[PDB]
Amino acid sequence: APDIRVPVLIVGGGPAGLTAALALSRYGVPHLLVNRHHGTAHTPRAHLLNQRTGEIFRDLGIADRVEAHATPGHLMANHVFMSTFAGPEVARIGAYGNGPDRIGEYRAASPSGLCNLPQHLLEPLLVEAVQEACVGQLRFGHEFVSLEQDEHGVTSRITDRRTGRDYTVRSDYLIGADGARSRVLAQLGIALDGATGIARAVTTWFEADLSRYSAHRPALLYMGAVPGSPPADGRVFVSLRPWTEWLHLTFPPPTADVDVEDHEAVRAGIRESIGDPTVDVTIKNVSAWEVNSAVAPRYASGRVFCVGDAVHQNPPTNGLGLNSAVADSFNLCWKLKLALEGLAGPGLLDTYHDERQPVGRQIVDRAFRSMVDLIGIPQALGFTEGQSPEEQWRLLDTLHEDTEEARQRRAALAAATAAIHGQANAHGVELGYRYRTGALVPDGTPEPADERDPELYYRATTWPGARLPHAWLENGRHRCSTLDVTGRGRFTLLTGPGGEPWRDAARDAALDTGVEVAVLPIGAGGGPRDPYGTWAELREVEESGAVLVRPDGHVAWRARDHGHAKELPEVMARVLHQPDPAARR
Amino acid sequence: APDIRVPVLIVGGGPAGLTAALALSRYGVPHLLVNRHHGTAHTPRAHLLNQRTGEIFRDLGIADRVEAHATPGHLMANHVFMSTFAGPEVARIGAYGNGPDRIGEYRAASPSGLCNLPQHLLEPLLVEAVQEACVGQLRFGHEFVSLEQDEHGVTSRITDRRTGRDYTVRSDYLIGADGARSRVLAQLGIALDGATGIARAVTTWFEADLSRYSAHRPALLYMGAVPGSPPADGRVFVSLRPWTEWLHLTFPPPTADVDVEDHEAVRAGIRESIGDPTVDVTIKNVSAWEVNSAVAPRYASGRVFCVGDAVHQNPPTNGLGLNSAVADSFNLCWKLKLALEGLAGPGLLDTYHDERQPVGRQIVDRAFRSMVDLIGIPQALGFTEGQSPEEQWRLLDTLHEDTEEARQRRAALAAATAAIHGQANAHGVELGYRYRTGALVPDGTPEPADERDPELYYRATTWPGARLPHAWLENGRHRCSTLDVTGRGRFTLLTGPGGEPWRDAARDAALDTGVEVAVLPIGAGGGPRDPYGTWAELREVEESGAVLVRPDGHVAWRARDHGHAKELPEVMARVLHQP
Amino acid sequence: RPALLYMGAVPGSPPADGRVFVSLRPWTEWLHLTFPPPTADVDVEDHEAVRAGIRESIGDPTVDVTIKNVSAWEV
Ligand SMILES: Cc1cc2nc3c(=O)[nH]c(=O)nc-3n(C[C@H](O)[C@H](O)[C@H](O)COP(=O)(O)OP(=O)(O)OC[C@H]3O[C@@H](n4cnc5c(N)ncnc54)[C@H](O)[C@@H]3O)c2cc1C
Ligand SMILES: Cc1cc2nc3c(=O)[nH]c(=O)nc-3n(C[C@H](O)[C@H](O)[C@H](O)COP(=O)(O)OP(=O)(O)OC[C@H]3O[C@@H](n4cnc5c(N)ncnc54)[C@H](O)[C@@H]3O)c2cc1C
Ligand SMILES: [Cl-]
Ligand SMILES: [Cl-]
Ligand SMILES: [Cl-]
């Protein structure tokens, strides 16, 4: 006899969990979320919000609230390598699409920019949105202990940490959003692939007016090396509030004792990284963080689905962790809604693993290689163990000399610096991932490809599994994206001139499946216009064709022309995995 | 074969029709709206937004946009009777719940205030919200010509006025939102009851800095009488942007040359009303419009439903027309949504007329009686036709003498002033209307009644048919009304401690009817809190009981205790009029 | 749809009767350029004719138009 019955139990109220609660809130699905801690994040942790996250927050209706508090992209314009903050600079690249060679592609790719908003500010914004909708319930100070699942539901044991009293929750489904060392994932018998404690990071949150060393070269990341240090002893400054509020990251050797409470010693390390004793440093927090590089081989078992840091862990390079957490929960929730309605079978819920687990592998691999690229810069300079400050100042000074030695060091520094685009301008990784199996019906066309590095370069496509291309439309006098007039908990069929047969096809699809397909003509039927012609360029179907958009803004299917309209009802049945045991496997 | 097939055609793009397109947008219902004019309203027209409209705009997600542009309630604090604007004042009452004797009741009654936002500003906000949703389609410059309907739908003939191209729309339902002289209502064979041209009103929109004559007595309405005029020649000043943007209203006798383009003449008239020839007056527009008071005996026929000015017309007094237009469309759209999904029949759509026609009768009668009350002030002062300026100045001055004559006029003024509460503080009209037949199950309790004038005084109740009472809840640390956590396209069952049996009952109701009833415990089960205990006081059920709230914020049913749980499935089948 | 140049054509005009709006102070101060035919009598003092033409170019008579200057220029 269970204490609570609810359609969905969310375990964990970090970004992944709160994203799932907000999505289910927007879709009208009652849920309970339990979070072990009494409050939201009390330190910055992850901060970089990429364009995909920006699009998901527009769909969930919180983008304006996030933007009001976040650092804007133009104050993240560079990625800097330096000696001390007050000393000579080593190298610099354009970051986050601000450089003239990337800014066009970044603007064409999304209605959203990149911005910077740390977790102690983001999480309260998600909490407020969830409380305002009043569809599900948040319980902070409540700890998940264990689960059993069966054919029909999931029975979970929960502890109220204040009262010490246990209770049980019976749910149709459970979301594991409980972060690294997930108890939910463990209870499923799923063990991550990869290494644990591959490094420690010591992250210090502090206040210091460093505007004299930063404002002329605005950046999110200033990566420093104090002359007389081995190459591994890099000092990473992260701008949180230009140019007064900061993180400082060090990577202590495996055999160093870190006293997180020793503010005195941490303050002296930061003053050494700055190299200007007149800058007053106030410590706000110091945290030691075990860095892993690991990914779950399976994301789900039965009626339990794990998201975010429960199924992927990586170094902070690329800032992919937070963005991938948001996109995991946004992939899953519209699928749980249709299953709970009886409009989709367990076959649709299986596509969560099929679509998201390969992205988990991709981001863990990319973040690892970007962490290893960092040491290339001080190596190119000729920095090693056992060098005096004076020897390293001389290597920096002799860098610009008219010798064979200096020419080769300048070449090695340019090559080491070029590789940092893999973390500063990784547009293909951020926006260009495509689901190749899952809640989609291939059209028989080959995947578009070119000679450009697919990690660095995004290429807009309606190929099924791809995120729908962004184009500026106009609805009367209202400027709106292709991504703004799709999603929001429904399927949308984008059509054009000569697309009338799509209306009866969509009508038949909804009758056969009980799922509505909204028909939206662009540049026809009095619908939104394509003022620049950009949508006609990107849609890759003819005027009479169609692009079928899922509730998460990925393309489920496309059709060159209205010759394919009669396929739509069967396409929708296959996307929804509607349990037809005669249906064709 | 029709040109266009669409669930709902809305005819008319004023407040009523734009509200319907916004509600249908929020509910995900594809629709088409045609409006004969190429633009939204080009002059202020209706401006007073009452608390109930504020609540509906909170439901439809646009109340913050409206509030950013509107005059706030505290700047509409008085209703003023005066001579000239620059001359001596005659009388004053508190307005719109600003007086100390009404402010408490107005604050407890709603999460929303009253505000002032003219139609030329409000209509673009609704259009923008509809275009942003991109669920339905707006076509301005398109004119409805005629319809025919059958068992299965409605076929309308439309003309594109710029091209003269004609086309046909086949819709399941049609909303007539086409305003006064509704072409849609006519084609239904339904004629209004009440008179036409009961008067002519001349409305001048102008700019003048009158802060010196208004700031010390903030009002929406300054009602003046230039000494040497008959009582019927009242000048109504309406504040639009304190204190530089105004309307000036007059009621010329049904015989008089009204040149609307004669600006220099209107301008001279406004200057005389002000009584201070140094004030610069810039005319922005002059409009003549015929004041009616009629109400349709029937709001609907078959698959066609008429809202707002199509079905009720009244003088501007009480500003009920704009508010009632919004509440008509909000009553109707959630019922259409359940009808289109096959979860309700024509029986639910019949409740539109049953609920809203009686409110149309009430507002037309109240507004007429409020218009008639206005002449009572100048009459109390002893003003009549055929008096000189000096004669009327003398009567103003003598009003405060220690004579019997002056004692009597003083008493007659006070009584005529007290009647203006029926337009200035008519809280029971604005918020307290209750549906007694329609999409509701009466609980078998007698309707709460009391001694207070029910036009003036709102009495909060969960008696089925009433608007759900406002209480402040807190959901975690988020402050929210009972009205914020209900509505928004769904049925909600508010419960309390010992209400667990309502869980199984709502699930059974969903199985039998196909309509979800969201269960929301207050002060139990980790749900929203009632920090003051106000909700426990207003809910008029026990802790273990239930209040069933409709998508429009009205109560469909209540139950004293959890023993009534087993009744919820049949209650839901009767509210939805399932065969 | 922010622009320096908004080039209009009032339906029922010859192609050569283009109306060019030039944004000078977004969105309250403007130029309006026409190219009258070589026959036309241009009266740079008839503010009320010029005003009626701008209102026509705009297509919304609720927009108040205040003339600052009219000039004819030999291209
Ligand atoms: C100390 C620390 C510092 C970090 N700093 C950075 C950084 O600088 N840059 C960067 O890019 N990434 C960083 N990360 C990772 C980043 O914070 C995550 O990628 C991001 O929060 C997404 O995580 P999530 O919501 O999946 O999990 P989390 O943020 O870990 O949240 C999961 C939540 O579940 C709760 N929980 C755990 N067990 C239970 C249970 N049994 N019952 C109920 N609740 C439970 C936890 O209390 C926690 O609130 C850091 C991580 C940690 C742990
Ligand atoms: C000149 C004027 C001044 C007013 N001033 C005041 C005031 O000061 N105070 C006050 O309280 N009330 C006033 N009103 C009334 C007030 O505007 C209405 O109560 C309010 O507009 C709500 O109206 P609605 O949406 O029902 O209709 P409306 O605002 O009349 O809008 C209906 C729309 O339908 C369109 N239409 C008509 N026929 C067709 C067709 N065949 N096809 C397509 N579309 C069609 C019209 O173009 C119009 O835009 C005024 C009305 C008028 C006409
Ligand atoms: Cl804690
Ligand atoms: Cl938003
Ligand atoms: Cl709002």
# chains A, B, ... in the order shown; residues from 1 in each chain; ligands from 1

call {"tool": "residues_near_ligand", "arguments": {"ligand": "ligand 4", "cutoff": "9 Å", "atoms": "only C-alpha atoms and all ligand atoms", "output": "list in words"}}
result
residues 57, 58, 59, 60, 61, 62, 63, 64, 65 and 66 of chain A

call {"tool": "write_last_selection", "arguments": {"atoms": "N, CA, C and O atoms", "output": "mmCIF file, in the first residue's frame"}}
result
data_model
loop_
_atom_site.group_PDB
_atom_site.id
_atom_site.type_symbol
_atom_site.label_atom_id
_atom_site.label_comp_id
_atom_site.auth_asym_id
_atom_site.auth_seq_id
_atom_site.Cartn_x
_atom_site.Cartn_y
_atom_site.Cartn_z
ATOM 1 N N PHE A 57 15.286 26.734 -23.675
ATOM 2 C CA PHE A 57 14.690 27.669 -22.705
ATOM 3 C C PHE A 57 13.641 28.590 -23.364
ATOM 4 O O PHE A 57 12.729 29.028 -22.600
ATOM 5 N N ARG A 58 13.756 28.921 -24.655
ATOM 6 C CA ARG A 58 12.683 29.665 -25.380
ATOM 7 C C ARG A 58 11.451 28.767 -25.429
ATOM 8 O O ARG A 58 10.362 29.213 -25.096
ATOM 9 N N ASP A 59 11.611 27.492 -25.748
ATOM 10 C CA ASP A 59 10.465 26.552 -25.837
ATOM 11 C C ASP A 59 9.765 26.417 -24.467
ATOM 12 O O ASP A 59 8.535 26.380 -24.414
ATOM 13 N N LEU A 60 10.529 26.355 -23.392
ATOM 14 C CA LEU A 60 10.025 26.213 -21.992
ATOM 15 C C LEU A 60 9.624 27.562 -21.406
ATOM 16 O O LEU A 60 9.163 27.563 -20.261
ATOM 17 N N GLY A 61 9.811 28.665 -22.138
ATOM 18 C CA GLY A 61 9.245 29.959 -21.750
ATOM 19 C C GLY A 61 10.045 30.665 -20.684
ATOM 20 O O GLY A 61 9.424 31.430 -19.957
ATOM 21 N N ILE A 62 11.350 30.432 -20.545
ATOM 22 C CA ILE A 62 12.144 31.106 -19.463
ATOM 23 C C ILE A 62 13.341 31.844 -20.040
ATOM 24 O O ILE A 62 14.116 32.405 -19.242
ATOM 25 N N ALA A 63 13.489 31.905 -21.354
ATOM 26 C CA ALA A 63 14.706 32.481 -21.977
ATOM 27 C C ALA A 63 14.868 33.946 -21.565
ATOM 28 O O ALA A 63 16.019 34.324 -21.265
ATOM 29 N N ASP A 64 13.788 34.718 -21.485
ATOM 30 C CA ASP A 64 13.911 36.176 -21.149
ATOM 31 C C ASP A 64 14.429 36.362 -19.714
ATOM 32 O O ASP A 64 15.318 37.204 -19.499
ATOM 33 N N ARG A 65 13.942 35.563 -18.774
ATOM 34 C CA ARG A 65 14.422 35.541 -17.355
ATOM 35 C C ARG A 65 15.905 35.129 -17.267
ATOM 36 O O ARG A 65 16.668 35.750 -16.557
ATOM 37 N N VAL A 66 16.337 34.163 -18.044
ATOM 38 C CA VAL A 66 17.765 33.729 -18.052
ATOM 39 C C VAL A 66 18.618 34.866 -18.618
ATOM 40 O O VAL A 66 19.641 35.257 -17.998
#

call {"tool": "closest_atom_pairs", "arguments": {"of": "chain A", "to": "chain B", "cutoff": "9 Å", "atoms": "only C-alpha atoms", "output": "Markdown table"}}
result
| residue | atom | partner | partner_atom | distance |
| --- | --- | --- | --- | --- |
| A:30 | CA | B:518 | CA | 8.2 |
| A:128 | CA | B:478 | CA | 6.8 |
| A:131 | CA | B:475 | CA | 5.8 |
| A:132 | CA | B:478 | CA | 6.6 |
| A:133 | CA | B:485 | CA | 7.3 |
| A:134 | CA | B:485 | CA | 6.1 |
| A:135 | CA | B:518 | CA | 8.4 |
| A:137 | CA | B:527 | CA | 6.9 |
| A:138 | CA | B:476 | CA | 8.1 |
| A:139 | CA | B:526 | CA | 7.8 |
| A:475 | CA | B:131 | CA | 5.8 |
| A:476 | CA | B:131 | CA | 6.8 |
| A:477 | CA | B:131 | CA | 8.1 |
| A:478 | CA | B:131 | CA | 6.3 |
| A:479 | CA | B:132 | CA | 8.4 |
| A:480 | CA | B:132 | CA | 7.4 |
| A:484 | CA | B:132 | CA | 8.3 |
| A:485 | CA | B:134 | CA | 6.1 |
| A:518 | CA | B:30 | CA | 8.1 |
| A:520 | CA | B:135 | CA | 8.8 |
| A:526 | CA | B:137 | CA | 7.4 |
| A:527 | CA | B:137 | CA | 7.0 |
| A:528 | CA | B:134 | CA | 8.3 |

call {"tool": "write_last_selection", "arguments": {"atoms": "C-alpha atoms", "output": "compact mmCIF listing (two decimals), in the first residue's frame"}}
result
# COMPACT_ATOMS: atom_id res chain seq x y z
CA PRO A 30 1.61 15.72 -12.55
CA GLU A 128 10.33 29.61 -9.66
CA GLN A 131 6.26 26.65 -8.57
CA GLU A 132 4.43 29.24 -10.77
CA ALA A 133 2.98 26.47 -13.04
CA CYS A 134 1.73 24.42 -9.95
CA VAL A 135 1.43 21.13 -11.99
CA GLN A 137 5.50 19.27 -6.53
CA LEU A 138 9.13 19.92 -5.37
CA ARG A 139 10.39 18.34 -2.12
CA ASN A 475 3.79 36.19 -38.54
CA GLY A 476 1.96 39.44 -39.44
CA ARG A 477 4.45 41.90 -37.90
CA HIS A 478 5.86 39.37 -35.31
CA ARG A 479 9.47 38.23 -35.89
CA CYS A 480 9.75 34.52 -34.89
CA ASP A 484 9.49 29.30 -32.03
CA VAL A 485 6.45 28.22 -34.21
CA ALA A 518 -0.57 20.86 -36.69
CA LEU A 520 1.76 25.18 -40.70
CA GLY A 526 -1.88 33.30 -45.14
CA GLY A 527 0.66 31.69 -42.74
CA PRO A 528 4.04 33.05 -41.56

call {"tool": "residues_around", "arguments": {"residues": "region 19-25 of chain C", "least_positions_apart": "2", "cutoff": "10 Å", "atoms": "only C-alpha atoms", "output": "list in words"}}
result
residues 2, 3, 4, 5, 6, 7, 8, 9, 10, 16, 17, 27, 28, 29, 30, 31, 32, 33, 34, 35, 53, 54, 56, 57 and 58 of chain C

call {"tool": "select_by_dssp", "arguments": {"residues": "region 302-433 of chain B", "states": "helix (DSSP H, G or I)", "output": "PyMOL selection string"}}
result
chain B and resi 308-310+320-340+346-373+376-380+389-398+404-419+421-424+427-431

call {"tool": "residues_near_ligand", "arguments": {"ligand": "ligand 5", "cutoff": "7 Å", "atoms": "only C-alpha atoms and all ligand atoms", "output": "compact mmCIF listing (two decimals) with C-alpha atoms, in the first residue's frame"}}
result
# COMPACT_ATOMS: atom_id res chain seq x y z
CA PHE B 57 -5.77 38.44 -18.68
CA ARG B 58 -3.74 36.67 -15.90
CA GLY B 61 -0.79 35.26 -19.84
CA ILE B 62 -0.94 38.97 -20.88
CA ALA B 63 -1.71 40.84 -17.60
CA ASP B 64 1.96 42.04 -17.15

call {"tool": "residues_around", "arguments": {"residues": "residue 516 (chain B)", "least_positions_apart": "6", "cutoff": "10 Å", "atoms": "only C-alpha atoms", "output": "VMD selection string"}}
result
chain B and resid 490 to 492 506 to 510 572

call {"tool": "residues_near_ligand", "arguments": {"ligand": "ligand 1", "cutoff": "6 Å", "atoms": "only C-alpha atoms and all ligand atoms", "output": "PyMOL selection string"}}
result
chain A and resi 11-17+34-37+45-46+142-145+177-180+183+289+308-310+316+319+321-322+325

call {"tool": "atom_distance", "arguments": {"atom1": "CA of residue 466 (chain A)", "atom2": "CA of residue 432 (chain A)"}}
result
7.4 Å

call {"tool": "residues_near_ligand", "arguments": {"ligand": "ligand 2", "cutoff": "7 Å", "atoms": "only C-alpha atoms and all ligand atoms", "output": "count of residues only"}}
result
42

call {"tool": "interface_residues", "arguments": {"of": "chain B", "to": "chain C", "cutoff": "10 Å", "atoms": "only C-alpha atoms", "output": "number ranges by chain"}}
result
B: 38-39, 41-43, 284-285

call {"tool": "write_last_selection", "arguments": {"atoms": "N, CA, C and O atoms", "output": "short mmCIF file (atom, residue, chain, number, x, y, z; two decimals), in the first residue's frame"}}
result
data_model
loop_
_atom_site.label_atom_id
_atom_site.label_comp_id
_atom_site.auth_asym_id
_atom_site.auth_seq_id
_atom_site.Cartn_x
_atom_site.Cartn_y
_atom_site.Cartn_z
N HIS B 38 -8.85 47.11 -41.94
CA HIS B 38 -7.43 46.80 -42.26
C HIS B 38 -6.58 46.96 -41.00
O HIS B 38 -5.55 46.26 -40.92
N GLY B 39 -6.98 47.84 -40.08
CA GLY B 39 -6.27 48.09 -38.82
C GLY B 39 -7.09 47.75 -37.57
O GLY B 39 -8.32 47.57 -37.66
N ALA B 41 -8.33 49.25 -33.68
CA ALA B 41 -9.06 50.47 -33.31
C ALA B 41 -8.13 51.67 -33.46
O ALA B 41 -6.96 51.57 -33.05
N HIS B 42 -8.61 52.77 -34.02
CA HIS B 42 -7.72 53.95 -34.20
C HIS B 42 -8.03 55.04 -33.16
O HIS B 42 -7.27 55.99 -33.12
N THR B 43 -9.05 54.88 -32.32
CA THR B 43 -9.33 55.85 -31.22
C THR B 43 -9.56 55.07 -29.92
O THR B 43 -9.76 53.86 -29.97
N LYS B 284 -6.98 65.56 -31.40
CA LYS B 284 -6.36 64.39 -32.06
C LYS B 284 -7.41 63.69 -32.91
O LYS B 284 -7.03 63.15 -33.96
N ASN B 285 -8.66 63.69 -32.48
CA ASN B 285 -9.76 63.05 -33.25
C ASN B 285 -11.09 63.48 -32.66
O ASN B 285 -11.15 63.78 -31.44
#
